[PDB]
Amino acid sequence: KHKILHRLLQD
Amino acid sequence: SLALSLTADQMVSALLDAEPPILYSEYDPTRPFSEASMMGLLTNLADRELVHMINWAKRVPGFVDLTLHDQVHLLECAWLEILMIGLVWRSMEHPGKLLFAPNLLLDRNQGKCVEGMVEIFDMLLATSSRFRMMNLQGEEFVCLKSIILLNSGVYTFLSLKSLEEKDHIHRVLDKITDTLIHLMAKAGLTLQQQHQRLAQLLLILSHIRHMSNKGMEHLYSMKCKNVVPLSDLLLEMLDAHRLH
Ligand SMILES: C[C@]12CC[C@@H]3c4ccc(O)cc4CC[C@H]3[C@@H]1C[C@@H](O)[C@@H]2O
Ligand SMILES: [Cl-]
Ligand SMILES: [Cl-]
Ligand SMILES: [Cl-]
Ligand SMILES: [Cl-]
């Protein structure tokens, strides 16, 4: 839950 | 399991609707090219496209059915291949040039501005030439792009239910395969020609992989030389390949 990519995938 | 219940036509529609927009570079014609500025332009653009790519991925049937950690892995593996195949497609109609953006069209001599880049340009230019020879169609391109996303990374998964999870990916790949054949059958190709064009298309992916591997090492060399400051997303994307 720390990678930027992970965050953007969650939206 | 909605993605595995789409007809070919619906599959094609879904992928066309999913297509990201073509972005403009921050190119200023009143600024003379340098190694730093060129790499600045290309990385800034790529950094802006990554966000759209993430949103496109979510619309590729099957992709949202994977776990978040799977989704991250596929994208980390494929992002540069996906940028490159979009570039090559945009460029198909401009021989001898790469259309990074509509306001940024570069030829091989301009690639010489950045150390080590011209060999990448030459391969990217060669790939668009091949696309043009083959008369690659937009419906074939969106299938190919999705295949890249689902295929690159599918065998490097670190691991539970991993097996069962990958099974779903292979089912979707099979659906995309069926969709391509459908396209070619609809365009009047005989059975034999259908299998032949399918192979020619998939064999290009090998070259796209190779180009991505080379481009990735080049980008990493740029980072190490501090040529350009890279964005945090692009850095993460690059570091996921764990080069040197
Ligand atoms: C990664 C890269 C800069 C961004 C380019 C790039 C930027 C935007 C885009 O849509 C596609 C591409 C594909 C080529 C990319 C370059 C290959 C490397 O030689 C170079 O370091
Ligand atoms: Cl933008
Ligand atoms: Cl310079
Ligand atoms: Cl030369
Ligand atoms: Cl036939």
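Just so we're on the same page: letters track the sequence lines, and every chain starts at 1. Scope of the values below: all heavy atoms of this structure, side chains included, with no hydrogens, waters or symmetry mates.
A distance below 6.0 Å separates the ring centres of B:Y155 and B:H170.
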*asked:* Run the side-chain contact (heavy atoms from CB on, under 4.5 Å) test on B:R59 and B:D17 for me, step by step, so that the C-alpha distance in whole Å, both residues' side-chain angles and the decisive distance to 0.1 Å come before the verdict.
replied: CA-CA 9 Å; B:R59 292 167 177 63; B:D17 295 352; over 6 Å; no
*Should A:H2 and A:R7 be marked as a side-chain contact (heavy atoms from CB on, under 4.5 Å) after you check the CA-CA gap, both sets of side-chain angles, and the distance that decides it?*
CA-CA 7 Å; A:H2 305 218; A:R7 186 172 64 77; over 6 Å; no
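Between the side chains of B:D28 and B:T30, a donor-acceptor pair is found at a separation under 3.5 Å.
One hydrophobic cluster holds both B:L150 and B:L4 under the rule that ILVMFWY side chains link at heavy-atom gaps under 4.5 Å.
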What pairs of donor and acceptor atoms, side-chain ones from residues 68-75 of chain B against any protein atom, are under 3.5 angstrom apart with sequence neighbours left out?
from: B:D70; atom 1: OD1; to: B:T67; atom 2: OG1; distance (Å): 3.3
from: B:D70; atom 1: OD2; to: B:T67; atom 2: OG1; distance (Å): 3.3
from: B:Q71; atom 1: NE2; to: B:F63; atom 2: O; distance (Å): 3.3
from: B:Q71; atom 1: NE2; to: B:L66; atom 2: O; distance (Å): 2.7
from: B:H73; atom 1: NE2; to: B:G153; atom 2: O; distance (Å): 2.9
from: B:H73; atom 1: NE2; to: B:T156; atom 2: OG1; distance (Å): 2.9

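Within the structure, salt bridge (charged side-chain N to carboxylate O under 4.0 Å, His left out) pairs that include any residue of residues 230-244 of chain B comprise B:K223-B:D239 (at least two apart or interchain). Pairs passing the ring pair (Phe, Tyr, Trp, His ring centres under 6.0 Å) check and including a residue from residues 10-47 of chain B, sequence neighbours excluded, read B:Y27-B:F33.
The shortest distance between side-chain heavy atoms of B:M117 and B:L106 does not fall below 4.5 Å. Annotation: side chain of B:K225 is in contact with side chain of B:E35 (closest heavy-atom distance under 4.5 Å).
Counting all heavy atoms, side chain and backbone alike, B:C143 lies closest to B:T179 at SG-CG2, 4.0 Å.
Atom CG in B:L144 sits 11.5 Å away from atom CG in B:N151 (nearest 0.5 Å).
Considering B:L15, B:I176, B:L2 as possible partners of B:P61, the one that fulfils the side-chain contact (heavy atoms from CB on, under 4.5 Å) test is B:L15.
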